[PDB]
Amino acid sequence: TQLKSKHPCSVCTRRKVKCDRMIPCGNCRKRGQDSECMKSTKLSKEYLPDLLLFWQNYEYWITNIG
DNA sequence: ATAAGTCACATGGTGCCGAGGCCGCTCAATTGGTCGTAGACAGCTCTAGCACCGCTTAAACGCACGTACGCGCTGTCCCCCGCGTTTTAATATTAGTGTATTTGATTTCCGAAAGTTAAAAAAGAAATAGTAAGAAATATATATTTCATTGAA
C-alpha cells in the first residue's frame, strides 16, 4: 500500500464520501479518471538497482581513467 | 509738602487628589415578521353494526343422594436455636504505581437533501385445468328359439 501522507484526494475532497488511499486513488478508480489525479499533488523501482550496478563501470572509465 | 523706602496685611492665582456622574462595550433575552406547511373544517357517499323476530335446541338450573377428601386429635422423632469458647479475616490507615478517563484541536468520513428515473407492482382480462354431473359404450347374465335326440299320445 505504502501510505505515508494519509491525505485525501484533492479533486475528491470536493465529494469525500470515501478514501481508499490506493495509488493513484480508489475514488479515482471508481471515477475512472487518472488525469484528474495528476492535477493534484498526490504525494519505477526496478531501474535504480541496475543503474547502481552500472555506476561502478562509469566512475572507473571516467573519473579514474580518462 | 512730598518722593522714596519698610512692615504687615489681605487677596489672586496655580496646582494634584477625591468623589460623583455619564458612557460605551458586551451578552443575553424577547418579540415581531415571514413563509412553508400542516391541521381544522365542511362536504359527500359508503360500510357497518345495532334494533327486532323467528326458532331450534344446547346448555343450564334445581332437587335429591352420597361418599372422597379437609380437618382435628394424638404420638413420637428429628432439628433448628442457644450459649459458650475458640479462630479469623473484615476494616480503617497510608500510598504508589500504572493504567484509565477526559479535554482541545483537527481532519477526514458519512448521510440529509434535492432532483430525476426506472423497476415492482396492481388491477383487470383471458386462458386453462379441476371437478362434478350426464350420457353413451360395452361386457355380462339370462331368456328365448331352433335343431337334434330320445322317450311318450
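Residues numbered from 1 in each chain as written, not as in the entry; some residues may be left out. Chains lettered and ligands numbered in written order. Part of a larger assembly, values for the part shown. Heavy atoms only, no water.

Asker: Would you mind going over the UniProt feature "DNA-binding region" in chain A in detail, with residue names and values included?
Answerer: Within this structure's numbering, the places UniProt gives as "DNA-binding region" are residues 9-37. Secondary structure within residues 9-37 divides into 31% helix and 0% strand; the distance between the first and last C-alpha atoms comes to 8 Å. (UniProt positions renumbered as here; feature names shortened; annotations may be inferred. Helix = DSSP H or I, 4+ residues; strand = E, 2+ residues; numbered from the N terminus.)

Asker: Lay out the protein's contact with DNA strand B with the relevant residues and their values.
Answerer: In the vicinity of DNA strand B, the contacting residues are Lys-6, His-7, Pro-8, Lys-16, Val-17, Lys-18, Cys-19 and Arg-21. Here, DNA strand B places atoms within 4 Å of the protein, and 62% of those atoms are sugar or phosphate. At 3.3 Å, a side-chain N or O of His-7 approaches a phosphate oxygen of DNA strand B. The contact in question runs from a base nitrogen of DNA strand B to an N or O atom on the backbone of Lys-16, over 3.0 Å. (Near = heavy atom within 4 Å. Polar contact = N/O pair within 3.5 Å; in protein donor to acceptor, adjacent residues only side chain to side chain.)

Asker: Go over the state of the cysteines with me, naming the residues and quoting the values.
Answerer: Here, disulfide denotes a covalent bond that connects the sulfur atoms of two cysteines. Per the counting criterion, the structure on display carries 1 disulfide. Each sulfur of the disulfide joining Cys-9 and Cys-12 lies 2.0 Å from the other. Among the residues examined, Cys-9 registers a relative accessible area of 4% and is labelled buried. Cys-19 carries a free sulfur, and the closest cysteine sulfur to it, the one in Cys-25, is 5.6 Å from it. Summary of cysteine pairing: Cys-28 is not part of a disulfide, and the nearest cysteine sulfur, belonging to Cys-9, is at 3.8 Å. Judged by relative accessible area, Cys-28 falls into the buried class, the value being 5%. (Disulfide = S-S within 2.5 Å. Buried < 20%, exposed > 50% of the residue type's maximum accessible area, 1.4 Å probe, protein only.)

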